[PDB]
C-alpha cells in the first residue's frame, strides 16, 4: 500500500513541528504503520519523536507518542483518559547514535494492528517489542486528538518531551503491514549480526562474544548461545561458532562447538517484568565463557569453555572440591550413583566406571561424549522443555529420549556440582568441532576449578606455546601448552584481589613478552607483564585514562600488526565509564620501545557515552581492518535483561580510530 502521508528532512532543534493539517484528516480505520528514518546523536534525556495528541485543556493524558531516552531506549505511549487506558511499551538499548563519528540513520517501524490487537516495534531491522492487549486502542481513536507533532507532544498547548535530532523520513500507512513487508524496508545499519534470534542455535539471547583471526584468513567467532534469558548459569547455554571468509562481510550459519541435550533448544521470549524477570532455567547443564586460539604446529583450532552440571552456576558451585579424586599423581572424575549419599565412583582409564568402596570395576562405562553406557548399551533420559504457560516458569519432561550424560539432572551417575573447564578442537577451522574433554584440576584435589577468561587465548609467534588465561580468587592462573593442547600446566600470578572476576586478555608485545590486561574491582583496568613466555609474571599495575565501574567489565585486547605514528600499537576494547556499561571505546596505545610502557594516545568512541557497551571481542582482520563483536547494551543493568539482537558486529579502519 502507498503511504497516506510522507515527509522528510525535519530538523528537531528543541522546537516541535506541527503537521496536523497534513496528517490528521488522512488517518482512518483502526490499524496504522509508522515508518521513520531518524538521527539523534545528541538526544535530550527523554524526547518524543512523533506525537498525536488531544492538545486541549484537561486532556493532558490523551496522546500517542513514540519516544526515546538518552540511554538508547525506544518506546511508545498510547493514552486515553476516558477509556481509562495508559499503555506504555518500550525496550532499552534499541538505538544507534553515532558510527565513525557520524550520526546514524535509525530505521524505525511501528505497527499498530487492530485485528491482532498487537503493537509491534522494529528498529534497524530488529523487533524490539511485540505487545498484545485485551482492549485495543487504535492510535487515532484517542478521544479529541487535534494535533500531529514531530519532536514533541502537545499537551494542553505546551511542548512536552522536546526532541533534539532529525527525521530524514517519515511515512504513515492506514494498514498494519505484515512482518514480510517490514523486512523489505531498506535499512542504513552501521552494524551486522553474526548470531541472531531465529538462527540455527534457536537461542533468543547471546552474550560473551569472541573473535579470532586464523592463519588461512578465516575469521572465527564464538559466543554463549543463551536460552533462558541473558542470565549466567544456572541456565541452558550452548557455545556456538560462526566464521567469515570475506573479512567479516558475511558469516556462516552457526554450529555448536559445545552442547548439551538434557533440555530442548527453545527460542523463548523471557519475561522482562519485575515479578518474573529473575526466572531461571534451574535443572539444565550448561556451558559459559568460551575462548579461542589457533595452533601453528598442528593447524588445529582449540576452544575452551566453562562447564556446569545441571542446576549449577558459579554462585552455587561447590568450592573446596575439584570434582576429581587424586590417585598416584593421577586425576579421576568422581561420580555419585542414584541412591548414594556420597561419591563412591570414579571414571578410570577407558571410561571404566570404578567403584571406590569395593575397588571393583562396574559394568558401567562413560563414553567420549560423557554419556553413560551399561554393558556397552547406551542409557537415556527424558528431555525437558520450559514454558511460561502457567504464569510462572515450568520445567517438564517432553517425551523425547536423549543419551544419558553425567552432567545431567536425570542421570544415574552424576558429577560433582562444581565448575569445570572443557576443551574441544576443530580440524577444519570451525566447520565442525570434536566432542569436548575436561581439563584436569590445576590447583589441587580439594580446590574448585578456575574460571576461563572469555575471548582469545594466545599463540606465541616464535614458538609452539599456547596460553589460556583463567582466574580464581587471589590470582590469574595461566594454562600453558607446548604440545598442541594435549597437556597443560599452570602458571599462577597472584593479584591484589580476593574474589575478583579477573577476566584477563593477553597481547605479545614482542618475542617472549606478554602483557595481560584484566578486569578488577578498583574501577581501573589492571595489567601485568611476563618476559618469560608466561613462566613468571610481574606485579600488578593499573591503567590511567580509562574508567570502569566498581564491578568492572571484560576488556579485549590485541597487538596490531602495522605501526601507528611509527610505533608498535596495542588496541583495547572496553566501556569507558564509572557509572555503568556504556561509553564503549577502542583505545589505541603506542609502545615505548625503551621500557615497554604504553602511551594511550587515541580514544575512539564506538557510540554515544550514554549508549550501552559491555563485553567485547576484537580482532585484526586479514585486510588490516578491525572487527568488533560486542554487547551493545548494559549487561549488568537489571533493567536491560533479556534483550534480543544486541550483540552486534562492526568493521573499522585504523584511520577511523586516530
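Numbering follows the first chain given and starts at 1.
327 to 335 and 459 to 467 differ in mean CA B-factor, and the higher of the two is recorded for 327 to 335. Here 553 to 561 and 407 to 415 are compared by their mean Cα B-factor, and 407 to 415 comes out higher. The maximum CA B-factor among the listed residues 597, 31, 616, 62, taken from the PDB record, is found at 597. Of the residues listed, 508, 232, 368, 295, the entry assigns the biggest Cα temperature factor to 368. When all modelled residues of the chain are sorted by CA temperature factor, residue 56 is found within the middle third. The entry lists a Cα temperature factor for residue 25 that places it in the highest third of the chain's modelled residues. For residue 476, the recorded CA temperature factor ranks within the middle third of the chain's modelled residues. Sort the modelled residues of the chain by CA B factor and residue 193 lands in the lowest third.
Sort the modelled residues of the chain by CA B factor and residue 245 lands in the middle third.
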